[PDB]
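> My structure is stored as start-v2.cif, with mmCIF, C-alpha atoms (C1' of nucleotides).
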data_final
#
loop_
_atom_site.label_atom_id
_atom_site.label_comp_id
_atom_site.auth_asym_id
_atom_site.auth_seq_id
_atom_site.Cartn_x
_atom_site.Cartn_y
_atom_site.Cartn_z
CA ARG Q 373 66.74 44.60 -121.95
CA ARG Q 374 63.65 43.06 -123.57
CA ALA Q 375 64.76 39.57 -124.29
CA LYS Q 376 65.92 38.53 -120.86
CA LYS Q 377 62.64 39.43 -119.18
CA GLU Q 378 61.10 36.52 -121.05
CA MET Q 379 63.58 34.08 -119.50
CA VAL Q 380 63.10 35.75 -116.15
CA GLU Q 381 59.35 35.28 -116.23
CA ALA Q 382 59.90 31.69 -117.37
CA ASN Q 383 61.44 29.83 -114.43
CA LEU Q 384 59.62 31.63 -111.61
CA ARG Q 385 58.28 28.27 -110.55
CA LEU Q 386 61.76 26.78 -110.14
CA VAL Q 387 62.55 29.87 -108.12
CA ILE Q 388 59.59 29.55 -105.76
CA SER Q 389 59.94 25.76 -105.58
CA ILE Q 390 63.55 25.72 -104.44
CA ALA Q 391 62.77 28.63 -102.16
CA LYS Q 392 60.16 26.66 -100.29
CA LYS Q 393 62.62 24.09 -98.97
CA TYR Q 394 64.28 26.48 -96.55
CA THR Q 395 60.91 27.88 -95.63
CA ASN Q 396 61.24 26.08 -92.47
CA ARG Q 397 60.32 28.73 -89.93
CA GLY Q 398 63.66 30.47 -90.50
CA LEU Q 399 62.56 33.82 -91.91
CA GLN Q 400 59.52 34.40 -94.19
CA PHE Q 401 58.18 33.45 -97.65
CA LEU Q 402 58.67 36.42 -99.87
CA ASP Q 403 62.05 37.45 -98.55
CA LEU Q 404 63.46 34.10 -99.63
CA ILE Q 405 61.57 34.66 -102.86
CA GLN Q 406 63.12 38.09 -103.46
CA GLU Q 407 66.65 36.88 -102.85
CA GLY Q 408 65.95 34.00 -105.18
CA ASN Q 409 65.00 36.48 -107.86
CA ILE Q 410 68.34 38.13 -107.18
CA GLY Q 411 70.41 34.98 -107.49
CA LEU Q 412 68.48 34.25 -110.63
CA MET Q 413 69.01 37.60 -112.34
CA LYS Q 414 72.71 37.21 -111.70
CA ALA Q 415 72.62 33.69 -113.10
CA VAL Q 416 70.94 35.32 -116.09
CA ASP Q 417 73.70 37.85 -116.67
CA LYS Q 418 76.29 35.13 -117.17
CA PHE Q 419 74.80 31.99 -118.63
CA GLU Q 420 76.30 30.24 -121.61
"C1'" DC I 1 124.25 53.00 35.94
"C1'" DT I 2 123.93 50.99 31.35
"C1'" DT I 3 122.22 51.12 26.96
"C1'" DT I 4 121.16 53.30 22.38
"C1'" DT I 5 120.32 56.69 19.82
"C1'" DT I 6 121.53 60.64 17.83
"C1'" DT I 7 124.63 64.43 15.74
"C1'" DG I 8 128.60 66.24 14.76
"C1'" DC I 9 133.13 65.33 13.60
"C1'" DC I 10 136.39 62.83 11.25
"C1'" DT I 11 137.36 61.37 7.35
"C1'" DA I 12 137.13 60.47 3.25
"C1'" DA I 13 134.25 61.89 -1.20
"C1'" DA I 14 130.77 62.36 -4.83
"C1'" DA I 15 127.86 66.21 -7.11
"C1'" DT I 16 127.59 71.33 -8.35
"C1'" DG I 17 128.94 75.22 -10.89
"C1'" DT I 18 132.79 78.98 -14.44
"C1'" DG I 19 131.32 80.22 -19.14
"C1'" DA I 20 134.40 80.53 -22.55
"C1'" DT I 21 135.15 78.49 -26.59
"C1'" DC I 22 134.59 75.43 -31.14
"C1'" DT I 23 132.60 71.85 -34.48
"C1'" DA I 24 130.05 68.35 -36.52
"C1'" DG I 25 125.06 68.98 -38.01
"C1'" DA I 26 121.40 70.56 -41.38
"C1'" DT I 27 119.64 74.18 -44.91
"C1'" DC I 28 119.04 75.41 -48.85
"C1'" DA I 29 117.19 76.62 -54.88
"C1'" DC I 30 118.67 74.59 -58.70
"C1'" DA I 31 121.00 71.48 -62.72
"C1'" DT I 32 121.72 66.07 -63.87
"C1'" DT I 33 120.98 59.90 -64.39
"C1'" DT I 34 116.74 56.38 -63.48
"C1'" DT I 35 111.73 54.62 -63.39
"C1'" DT I 36 108.59 52.93 -66.76
"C1'" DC I 37 104.56 55.50 -68.70
"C1'" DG I 38 101.63 57.71 -73.65
"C1'" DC I 39 100.96 58.18 -78.88
"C1'" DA I 40 102.91 57.42 -83.76
"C1'" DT I 41 105.54 53.04 -86.77
"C1'" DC I 42 105.72 47.86 -87.93
"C1'" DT I 43 103.87 43.40 -88.27
"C1'" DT I 44 101.80 39.65 -87.59
"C1'" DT I 45 97.50 37.68 -87.17
"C1'" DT I 46 93.33 36.94 -87.15
"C1'" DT I 47 89.12 37.91 -89.02
"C1'" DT I 48 85.91 39.56 -92.54
"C1'" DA I 49 83.84 41.47 -97.21
"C1'" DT I 50 83.51 39.59 -101.36
"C1'" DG I 51 83.63 36.21 -105.05
"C1'" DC I 52 82.12 30.82 -107.70
"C1'" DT I 53 79.85 25.72 -107.78
"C1'" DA I 54 77.68 24.21 -115.47
"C1'" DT I 55 73.25 16.23 -115.26
"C1'" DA I 56 68.93 17.67 -113.34
"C1'" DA I 57 64.98 20.20 -110.70
"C1'" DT I 58 59.14 24.70 -112.34
"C1'" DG I 59 51.60 27.48 -108.31
"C1'" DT I 60 50.93 27.65 -101.17
"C1'" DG I 61 47.59 26.10 -98.07
"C1'" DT I 62 50.07 23.39 -93.35
"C1'" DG I 63 48.25 23.94 -89.16
"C1'" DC I 64 45.55 26.29 -86.51
"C1'" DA I 65 40.43 29.28 -84.86
"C1'" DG I 66 36.89 27.38 -82.29
"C1'" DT I 67 33.47 30.03 -83.99
"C1'" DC I 68 31.86 35.76 -77.58
"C1'" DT I 69 28.28 39.03 -78.40
"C1'" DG I 70 24.93 42.91 -78.42
"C1'" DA I 71 24.60 47.42 -80.48
"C1'" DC I 72 25.43 50.19 -83.61
"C1'" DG I 73 27.52 51.64 -88.18
"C1'" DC I 74 27.54 51.31 -92.70
"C1'" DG I 75 27.50 49.27 -97.40
"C1'" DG I 76 24.57 47.45 -99.60
"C1'" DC I 77 20.18 45.62 -101.08
"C1'" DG I 78 16.87 45.43 -102.24
#
Would you kindly transcribe this structure into structure tokens?

Amino acid sequence: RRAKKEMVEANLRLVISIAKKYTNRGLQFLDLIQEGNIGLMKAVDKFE
DNA sequence: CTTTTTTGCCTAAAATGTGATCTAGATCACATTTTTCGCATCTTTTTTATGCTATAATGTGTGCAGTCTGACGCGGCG
């Protein structure tokens, strides 16, 4: 519960970077960003 | 006196009237087979909610405004 938050805070820039490809005028910035945080945190739960 | 027109008769003849006596018709309230309908099964059949993909990738702006403006509020701004 502590240790992962480090990793989570780490790659925020990969998150936002990949997000801002499909920020064509499809939806909105931060919504893509939030769902990217989601997909991340689930990638975090599983990684080997 | 002769004609024709009429009626009545001859002479043949259809239409009228006896009602008594049946006889095939139509009624008449209530049980049975057909339509094919409606909701439950199947039962598919399609469609839909959900689930993974292990080289590697790390701070925006993003296309615009053309900036109205005069008075008054109000936070400063001294």
> To one decimal place, how far is atom CA of residue 407 of chain Q from atom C1' of residue 53 of chain I in Å?
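It comes out at 18.0 Å.
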> Can you write out as CSV which residues of chain I fall within 9 Å of chain Q, alongside each residue's closest atom pair and its distance in Å to one decimal, counting only C-alpha atoms (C1' of nucleotides) and ordering rows by chain and ascending residue number?

residue,atom,partner,partner_atom,distance
I:54,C1',Q:420,CA,8.7
I:57,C1',Q:386,CA,7.3
I:58,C1',Q:386,CA,4.0
I:59,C1',Q:385,CA,7.1
> I'd like the residues picked by the PyMOL selection byres ((chain Q and resi 404) around 12) written out as a PDB file with C-alpha atoms, keeping the file's coordinate frame, using the chain letters and numbers from the file.

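The new file expr11.pdb reads:
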ATOM      1  CA  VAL Q 387      62.550  29.870-108.120  1.00  0.00           C
ATOM      2  CA  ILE Q 388      59.590  29.550-105.760  1.00  0.00           C
ATOM      3  CA  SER Q 389      59.940  25.760-105.580  1.00  0.00           C
ATOM      4  CA  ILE Q 390      63.550  25.720-104.440  1.00  0.00           C
ATOM      5  CA  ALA Q 391      62.770  28.630-102.160  1.00  0.00           C
ATOM      6  CA  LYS Q 392      60.160  26.660-100.290  1.00  0.00           C
ATOM      7  CA  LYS Q 393      62.620  24.090 -98.970  1.00  0.00           C
ATOM      8  CA  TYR Q 394      64.280  26.480 -96.550  1.00  0.00           C
ATOM      9  CA  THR Q 395      60.910  27.880 -95.630  1.00  0.00           C
ATOM     10  CA  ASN Q 396      61.240  26.080 -92.470  1.00  0.00           C
ATOM     11  CA  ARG Q 397      60.320  28.730 -89.930  1.00  0.00           C
ATOM     12  CA  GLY Q 398      63.660  30.470 -90.500  1.00  0.00           C
ATOM     13  CA  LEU Q 399      62.560  33.820 -91.910  1.00  0.00           C
ATOM     14  CA  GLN Q 400      59.520  34.400 -94.190  1.00  0.00           C
ATOM     15  CA  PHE Q 401      58.180  33.450 -97.650  1.00  0.00           C
ATOM     16  CA  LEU Q 402      58.670  36.420 -99.870  1.00  0.00           C
ATOM     17  CA  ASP Q 403      62.050  37.450 -98.550  1.00  0.00           C
ATOM     18  CA  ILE Q 405      61.570  34.660-102.860  1.00  0.00           C
ATOM     19  CA  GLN Q 406      63.120  38.090-103.460  1.00  0.00           C
ATOM     20  CA  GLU Q 407      66.650  36.880-102.850  1.00  0.00           C
ATOM     21  CA  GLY Q 408      65.950  34.000-105.180  1.00  0.00           C
ATOM     22  CA  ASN Q 409      65.000  36.480-107.860  1.00  0.00           C
ATOM     23  CA  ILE Q 410      68.340  38.130-107.180  1.00  0.00           C
ATOM     24  CA  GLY Q 411      70.410  34.980-107.490  1.00  0.00           C
TER      25      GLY Q 411
END
> Grab the atom CA of residue 380 of chain Q to atom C1' of residue 49 of chain I distance for me, in Å with one decimal place.
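Those two atoms sit 28.7 Å apart.
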> Around segment 376-394 of chain Q, with edges along x, y and z and 6 Å added on all six sides, what centre and edge lengths do you get, in Å to one decimal, as JSON?

{"center_x": 62.1, "center_y": 31.8, "center_z": -108.8, "size_x": 19.6, "size_y": 27.3, "size_z": 36.5}
> Between atom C1' of residue 52 of chain I and atom CA of residue 379 of chain Q, what is the spacing in Å?
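Rounded to one decimal, the two atoms are 22.2 Å apart.
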> Please rebuild segment 398-412 of chain Q with N, CA, C and O atoms and give the result as a compact mmCIF listing (two decimals), in the frame of the given file.

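Printed below is rebuild-v1.txt as written:
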# COMPACT_ATOMS: atom_id res chain seq x y z
N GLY Q 398 62.41 29.77 -90.66
CA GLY Q 398 63.66 30.47 -90.50
C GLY Q 398 63.44 31.96 -90.62
O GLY Q 398 63.78 32.70 -89.70
N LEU Q 399 62.89 32.40 -91.76
CA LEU Q 399 62.56 33.82 -91.91
C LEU Q 399 61.13 34.15 -92.32
O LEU Q 399 60.35 34.64 -91.49
N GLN Q 400 60.76 33.90 -93.58
CA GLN Q 400 59.52 34.40 -94.19
C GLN Q 400 59.52 33.99 -95.66
O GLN Q 400 60.58 33.84 -96.26
N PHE Q 401 58.32 33.88 -96.25
CA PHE Q 401 58.18 33.45 -97.65
C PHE Q 401 58.92 34.36 -98.63
O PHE Q 401 59.92 34.00 -99.27
N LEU Q 402 58.41 35.58 -98.73
CA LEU Q 402 58.67 36.42 -99.87
C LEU Q 402 60.06 36.99 -99.83
O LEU Q 402 60.58 37.40 -100.86
N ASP Q 403 60.67 37.01 -98.66
CA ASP Q 403 62.05 37.45 -98.55
C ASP Q 403 62.97 36.44 -99.22
O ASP Q 403 63.84 36.81 -100.02
N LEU Q 404 62.77 35.15 -98.90
CA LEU Q 404 63.46 34.10 -99.63
C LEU Q 404 63.18 34.24 -101.12
O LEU Q 404 64.08 34.08 -101.95
N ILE Q 405 61.95 34.60 -101.46
CA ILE Q 405 61.57 34.66 -102.86
C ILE Q 405 62.32 35.79 -103.56
O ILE Q 405 62.84 35.63 -104.68
N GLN Q 406 62.41 36.94 -102.91
CA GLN Q 406 63.12 38.09 -103.46
C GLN Q 406 64.59 37.77 -103.68
O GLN Q 406 65.14 38.03 -104.75
N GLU Q 407 65.24 37.20 -102.67
CA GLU Q 407 66.65 36.88 -102.85
C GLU Q 407 66.83 35.82 -103.92
O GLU Q 407 67.88 35.77 -104.58
N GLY Q 408 65.84 34.97 -104.12
CA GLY Q 408 65.95 34.00 -105.18
C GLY Q 408 65.88 34.67 -106.53
O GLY Q 408 66.60 34.30 -107.46
N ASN Q 409 65.04 35.69 -106.64
CA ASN Q 409 65.00 36.48 -107.86
C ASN Q 409 66.35 37.10 -108.11
O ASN Q 409 66.81 37.19 -109.26
N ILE Q 410 67.02 37.52 -107.04
CA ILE Q 410 68.34 38.13 -107.18
C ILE Q 410 69.33 37.13 -107.75
O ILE Q 410 69.97 37.37 -108.78
N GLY Q 411 69.48 36.00 -107.05
CA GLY Q 411 70.41 34.98 -107.49
C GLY Q 411 70.12 34.54 -108.90
O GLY Q 411 71.04 34.28 -109.69
N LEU Q 412 68.85 34.52 -109.26
CA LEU Q 412 68.48 34.25 -110.63
C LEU Q 412 69.07 35.28 -111.56
O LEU Q 412 69.95 34.96 -112.36
